[PDB]
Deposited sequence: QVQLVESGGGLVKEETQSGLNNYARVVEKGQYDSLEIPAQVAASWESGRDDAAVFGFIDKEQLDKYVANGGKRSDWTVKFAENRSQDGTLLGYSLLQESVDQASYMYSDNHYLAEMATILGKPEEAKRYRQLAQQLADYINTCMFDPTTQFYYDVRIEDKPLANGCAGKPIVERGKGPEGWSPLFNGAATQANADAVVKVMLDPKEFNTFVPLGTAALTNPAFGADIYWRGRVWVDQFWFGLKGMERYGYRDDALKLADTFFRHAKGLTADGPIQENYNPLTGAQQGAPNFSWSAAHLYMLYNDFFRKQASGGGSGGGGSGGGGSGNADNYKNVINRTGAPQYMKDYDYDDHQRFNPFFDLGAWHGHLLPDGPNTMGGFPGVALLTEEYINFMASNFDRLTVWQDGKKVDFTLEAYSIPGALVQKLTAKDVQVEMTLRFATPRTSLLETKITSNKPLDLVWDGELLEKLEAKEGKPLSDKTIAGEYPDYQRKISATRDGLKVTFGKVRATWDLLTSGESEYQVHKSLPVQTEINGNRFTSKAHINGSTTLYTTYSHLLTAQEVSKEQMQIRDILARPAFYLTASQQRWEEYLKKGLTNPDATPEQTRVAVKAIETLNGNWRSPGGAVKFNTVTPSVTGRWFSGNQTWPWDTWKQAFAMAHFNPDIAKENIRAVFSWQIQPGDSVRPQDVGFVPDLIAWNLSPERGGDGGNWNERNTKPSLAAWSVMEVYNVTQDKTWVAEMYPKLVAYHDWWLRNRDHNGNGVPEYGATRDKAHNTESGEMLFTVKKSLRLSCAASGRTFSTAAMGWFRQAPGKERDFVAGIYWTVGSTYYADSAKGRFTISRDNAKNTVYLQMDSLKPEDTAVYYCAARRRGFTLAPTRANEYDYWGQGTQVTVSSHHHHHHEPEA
């Protein structure tokens, strides 16, 4: 007896259009078979990818939810188009008003009124106070649930409730951090706040090992490892504490801060700052050198941590390493080393790991427009020779805020190396050699060969050069050092170069330099103690290569000036930043890690971005170059206000510099909109070749809060005057384009976009193609008896799908197959079929045919009741 399955594999997709067609599919019962690009983008606009509140819940969680009394349809989020009175297409909204977004809008209004007051505009202040009070009434009437004493999003139902609310609170999707958003933002009444704080401090809800995670323990879609449905983020934790303090519970906030300090793993160690924590174990996850984590850790230092010159802070972050791959990635594709970047520069350096890399600063990290890529292991590494024997050194190497230092000590030679940044394109190394005898010096370097590793293991046998033939890396000796030139590479997702970018080495000492393919050696002879100065410059355009030469000449002429400028700027960061007298040494050191992190993620202007900016992570797979987000920015600038206010202001400016103005070429219906993602390269719709520039959605709005924080530390009236109209245009944009029911209470949404609609304005959506599986039986005919389909997901039981039985060919289906799957038989062919329509990712599994010859009383539906099995066939359905 043999059963042979056929017809599996990756299921294909088909694009459809039309909001009317979409509604007909929802009506049919088949919501779960749809992917709508605009709705995916609205989840990006919320800033919480797969939060429970937006309908995201996995199969096993949903089964349990139903077993507890709930319906699967309780997780469906409907979607609508937003049109003006003219009929113009404005965008799209979730049919759901979010309490965190209502509270942000409350804050927007509150801070805008303060700004109008500062600016002597009392009637505008009156408008903004009125809008705030209206929003607070809606939030406290509509979004607060008296039974569960907490806040939730509401649906936009077919008609409003008797009291005017768009719909009932979505209590059944469970509690999340959005519940304390009214407290943080100050919209909550005192009674409602008291109720919320009690839930926050409940050990059954949020008061976990690391408290205030992204879903309460009681949330049906909670998982301790899910980014947005259980894990703890520093922003929402801090919002939580601030909200508590706002309504009289500073004492308890202080207790939670202490808990967090004791339990968040690695806080007092030397690893990079990451994204989030498991609420049960405190284990860390996410991109290293993560800006908004640094920002909120700094704000916690400032507000909540307490006891219960750059030399004082060595090795706060481990910056050692010896990369062997251009993309030497961790498990989540982030660079697994922590290079030192300063001054907004576009290249960075590591400390030598041991004597193998000693005498150099290994792993030149290059920021190639939008990505971080390692160029070399050793590059310009010094070795010292006497009579043809290499001098043996002891290594000591450390980082401090603003510098890398290495000291090499031998019996009769000492070398002291100090690396600091000099301009936003140039770093400067001082190499001080002490010797009473002549020496031969040798510098060596090698460009990397291997492309990609993940967790130290090569992903393939691919080479940099094989993968990117346009890169054309070439080392040349120069007048006063060496350069590496690069070809034009437009690898949208990986590596971006102009064709005119260069990495230049200039030295104060004359050296003779030999190139041997991807290697170089430079030699010089010295007759005793010598100090030399070396500049390293990553230059991204012909104009930059040109402009930097004069600067490079200046740095080599005035090295003491530039080294001192760096040391003193960093003394100012620590002096302004370390303002908590009641902090322990360990807490203070956490603040210094945050300062180093944020200043590392600062980029100088580049390509389309005309201002200094700060990105979520210089080492991040998708967060590097000068890629800038609004949401990350507001948080970054709130904290950078307190230690580097000039870059705080720049960061906010960079984001507003691409705000939509009347007469815009792409989206004139979006005046006041702030794009989700700006970067070096403009989108093709704007005449560039960039793939990251994103205007399909914005992010939640903490812009007024962030601008006001810069005012609270500077009291600069010209700053408020500058920002206030940009803030007003953005505020107004939400009310034109993200308010489907026009009640003045925003929804998360998406813009009209090439990704979202056809030229004529018909909303795009995607459905999977039908897939048919077949099972050819060999040996005994089963048309009298039983044939069935089972499935099993990775590490799960074999679960019944559908069966066909007896002469008459009666059928039976799993509830999850009903409506979608159709089993059938060709008795002549001894073959059974399964037609699978309305597939969804939950259906990914190995599918097995099975058969039973022996008589049965009732149609067999359980694995152990079948007697023959095919080998299985994988079907994959991806989102």
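Student: Where does the model have holes with respect to the deposited sequence?
Tutor: Absent from the structure are positions 1, 310-326, 898-907.
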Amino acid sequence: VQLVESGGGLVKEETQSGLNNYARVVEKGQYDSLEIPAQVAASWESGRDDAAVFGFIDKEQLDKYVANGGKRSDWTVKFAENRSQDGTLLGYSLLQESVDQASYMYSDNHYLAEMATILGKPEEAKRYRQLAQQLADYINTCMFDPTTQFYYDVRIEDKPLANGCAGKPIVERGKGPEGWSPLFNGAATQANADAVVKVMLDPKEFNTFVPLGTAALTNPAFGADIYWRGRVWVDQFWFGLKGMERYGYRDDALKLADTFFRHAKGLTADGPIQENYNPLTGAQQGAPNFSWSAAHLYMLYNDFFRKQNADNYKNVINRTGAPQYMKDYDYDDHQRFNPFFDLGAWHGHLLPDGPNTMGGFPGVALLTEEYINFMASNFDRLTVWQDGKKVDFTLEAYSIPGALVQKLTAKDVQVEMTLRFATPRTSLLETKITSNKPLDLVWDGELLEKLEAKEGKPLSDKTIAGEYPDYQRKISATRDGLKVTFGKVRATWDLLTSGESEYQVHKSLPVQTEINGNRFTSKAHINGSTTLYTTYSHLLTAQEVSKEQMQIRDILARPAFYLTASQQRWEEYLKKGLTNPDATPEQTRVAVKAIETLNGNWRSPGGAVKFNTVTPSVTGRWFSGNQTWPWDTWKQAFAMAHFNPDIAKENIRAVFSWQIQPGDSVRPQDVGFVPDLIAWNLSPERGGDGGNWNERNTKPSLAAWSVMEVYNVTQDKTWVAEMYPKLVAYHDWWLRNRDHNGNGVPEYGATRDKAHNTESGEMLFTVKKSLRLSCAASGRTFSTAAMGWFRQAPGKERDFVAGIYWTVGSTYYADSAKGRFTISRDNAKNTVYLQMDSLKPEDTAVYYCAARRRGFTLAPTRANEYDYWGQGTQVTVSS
From here on, numbers count along this sequence of modelled residues.
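Student: State which stretch shows the higher mean Cα B factor in the entry: 825-833 or 845-853.
Tutor: Taking the mean C-alpha B-factor of 825-833 and of 845-853, the larger value falls to 825-833.
Student: Using the B-factors recorded in the PDB entry, average over the C-alpha atoms of 560-568 and of 78-86, then report which stretch comes out higher.
Tutor: Mean CA B-factor is higher for 78-86.
Student: Per the coordinate record, which of the options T628, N373, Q406, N516 holds the highest CA temperature factor?
Tutor: The record points to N516.
Student: Please work out which residue in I804, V489, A608, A465 has the highest C-alpha B-factor recorded for this crystal structure.
Tutor: Answer for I804, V489, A608, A465: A465, with the highest C-alpha B-factor.
Student: Would you mind ranking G359 by its C-alpha B-factor against the rest of the chain and naming the third, lowest, middle or highest?
Tutor: Its C-alpha B-factor belongs to the middle third of this chain's values.
Student: Which third of the chain holds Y301 when residues are ordered by C-alpha B factor: lowest, middle or highest?
Tutor: Middle third.
Student: By the recorded C-alpha temperature factor, relative to the other modelled residues in its chain, which third is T597 in?
Tutor: Ranked within chain, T597 CA B lands in the lowest tercile.
Student: Grab the CA temperature factor for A42 from the record and place it in the lowest, middle or highest third of its chain.
Tutor: CA B-factor rank for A42: lowest third.
Student: Sort the modelled residues of this chain by their C-alpha B factor and say whether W658 lands in the lowest, middle or highest third.
Tutor: Ranked within chain, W658 CA B lands in the lowest tercile.
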